[PDB]
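Spelled out from the first residue to the last, the chains are:
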Amino acid sequence: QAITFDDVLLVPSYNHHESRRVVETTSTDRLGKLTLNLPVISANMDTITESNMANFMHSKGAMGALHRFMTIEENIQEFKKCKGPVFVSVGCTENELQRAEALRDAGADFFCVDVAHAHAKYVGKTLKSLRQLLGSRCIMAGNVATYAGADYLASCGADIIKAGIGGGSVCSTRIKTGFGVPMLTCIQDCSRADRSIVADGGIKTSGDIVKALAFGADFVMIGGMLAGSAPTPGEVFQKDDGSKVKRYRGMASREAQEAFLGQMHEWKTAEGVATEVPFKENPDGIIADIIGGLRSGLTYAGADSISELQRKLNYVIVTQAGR
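Residues numbered from 1 in each chain as written, not as in the entry; some residues may be left out. Heavy atoms only, no water. Residues with missing side-chain atoms left out of burial classes, pairs and counts.

*Asks:* Can you break down the sheet that holds strand β5 (residues 63-64) residue by residue, with the values?
*Replies:* Pairing within the open sheet is parallel, and its 8 strands lie in the order β5-β4-β11-β10-β9-β8-β7-β6. The open sheet has two edge strands, β5 and β6 (88-90), and neither has a second partner. Sheet analysis places strand β4 (residues 40-42) next to β5, joined by 2 bridges and oriented parallel. In the strand pairing of β5, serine 42 is matched with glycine 64. In this fold helix α3 (residues 94-105) packs onto β6 and β7 (110-114), with an angle of close to 155 degrees to the strand it touches most, β6. (Pairing = 2+ DSSP bridges. Helix = DSSP H or I, 4+ residues; strand = E, 2+ residues; numbered from the N terminus. Contact = heavy atoms within 4.5 Å. Axes fitted to C-alpha atoms, helices over the stretch in contact; angles between N-to-C directions.)

*Asks:* Give me helix α9 (residues 252-260): which residues, what numbers.
*Replies:* Turning to α9, its buried residues are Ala252, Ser253, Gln257 and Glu258. Where the residues of α9 are buried, they touch α6 (171-177). With its phi angle positive at about 80 degrees, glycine 262 sits one or two positions after the end of α9. (Buried < 20%, exposed > 50% of the residue type's maximum accessible area, 1.4 Å probe, protein only.)

*Asks:* Quick rundown of the sheet that holds strand β12 (residues 236-238)? Include the residues and the values.
*Replies:* Sheet architecture is open: 3 strands sit in the order β12-β13-β14, paired in antiparallel fashion. Each edge of the open sheet carries a strand with a single partner, namely β12 and β14 (275-278). Strand-to-strand twist across the sheet, computed as the mean angle between neighbouring axes with direction ignored, equals 45 degrees. Where strand β13 (residues 244-248) meets β14, 4 bridges bridge the pair, whose relative direction is antiparallel.

*Asks:* Tell me about the environment of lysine 121, and please be specific about residues and values.
*Replies:* Of note, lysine 121 is situated in helix α4 (residues 121-134). Note on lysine 121: relative accessible area 62%, which makes it exposed. Between the C-alpha atoms of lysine 121 and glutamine 310, which are 189 residues apart in sequence, the distance is 32 Å.

*Asks:* So, the packing of aromatic side chains: which residues are in play, and what are the values?
*Replies:* The full count for this structure, using the stated rule, is 2 aromatic pairs. Seen from their ring centres, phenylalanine 87 and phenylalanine 110 are 5.7 Å apart, and the 70 degrees between their planes marks the pair as edge-to-face. In this pair, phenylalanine 87 is assigned in the loop between α2 (72-80) and β6 and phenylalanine 110 in strand β7, connecting sequence segments 23 residues apart. Lying across the ring of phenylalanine 237, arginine 247 places its NZ or CZ 3.9 Å from the centre. (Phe/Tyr/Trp six-rings, centres within 6.5 Å; stacked < 30°, edge-to-face > 60°. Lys NZ or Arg CZ within 6 Å of the ring centre and 35° of its normal.)

*Asks:* Describe the environment of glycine 262, listing the residues and the values that go with them.
*Replies:* Topologically, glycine 262 is positioned in the loop between α9 and β14. Given a relative accessible area of 45%, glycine 262 falls into the partly exposed group.

*Asks:* So what about unusual backbone geometry? Which residues, and what values?
*Replies:* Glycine aside, negative phi is the norm for most residues, and most peptide bonds take the trans geometry. Across the junction of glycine 142 and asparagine 143, the peptide omega takes the value 5 degrees, indicating a cis bond. Of note, the phi angle at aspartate 241 is positive, near 135 degrees, even though the residue is not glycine. Tracing the chain through its elements places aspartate 241 in the loop between β12 and β13. At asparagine 282, a residue that is not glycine, the phi angle is positive and equals roughly 60 degrees. With respect to the helices, strands and loops of the structure, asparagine 282 is situated in the loop between β14 and α10 (283-300).

*Asks:* So what's going on with the side chain of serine 172? Which residues, and what values?
*Replies:* Summarising the element assignment, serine 172 is placed in helix α6. Judged by relative accessible area, which is 19%, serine 172 ranks as buried. One polar contact links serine 172 to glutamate 258, side chain to side chain, over a distance of 2.6 Å. Setting aside residues up to four positions removed in sequence, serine 172 forms contacts with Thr177, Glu258 and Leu261. (Polar contact = N/O pair within 3.5 Å; in protein donor to acceptor, adjacent residues only side chain to side chain.)

Here it is, written out as structure tokens:
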């Protein structure tokens, strides 16, 4: 029944375009508030996107989404260091509405409400408030895993909906609660709503990016593919061995999700340990690989644009042997 990236392959289609065609990867949301040449957003996680990453993504025709695990003044100053369009992230408490107001007053035009389970009354309440606070600005809201959730957020005033619960991505959510929706089923279902979907989860390869867009997402958010690279937060450490790592102590995005999952209680008494991530060389190469894979996918599909890729969607379901 439900499918993720590794369950499918896309079927090649008649290509009418000239061999050295300039292939267009640009994507514009359903409401015309967001256009990106490379429709990829670096994840709003504290290990992935602050101003350095946002500026790097912008330089590639893409975009960053700053995480929300900063004090309000830090968040304002980090936003001001961003060159070009960037998402700022906010939560759902009264202090988070103050955060939104301050970022708005500081010049922010793209906002992301980011919560574990967005298909919820208090999140709809938050979106209603943000819509009145922010006027005609672009509001992305997440995360949901169903058409009902996506339609709910659209009804409460979201412009763009971020899909992916933790069924094809956050291992902890599935393990601890049993909840999730494999990402292609999720993307396909959510994209029945009349707002653009951002695919958020389970994306490992440029091929997964092609599949996410083909199945109906207008943009993709990626975290893992960028983790440990130079523009991420954190200093590089060269240990005895010669290898290079980034090292994290506080892990605010992961801790927020663990709190939501009920795992940050009085009996979580084990001593805190640092998290090490292998240094990723050549972020420019990671992005160039994604751009290349995506243009090559559009060529196999005989597609002129992401819209055509979606319209002409043709795939097969494969077994484990099929890989």
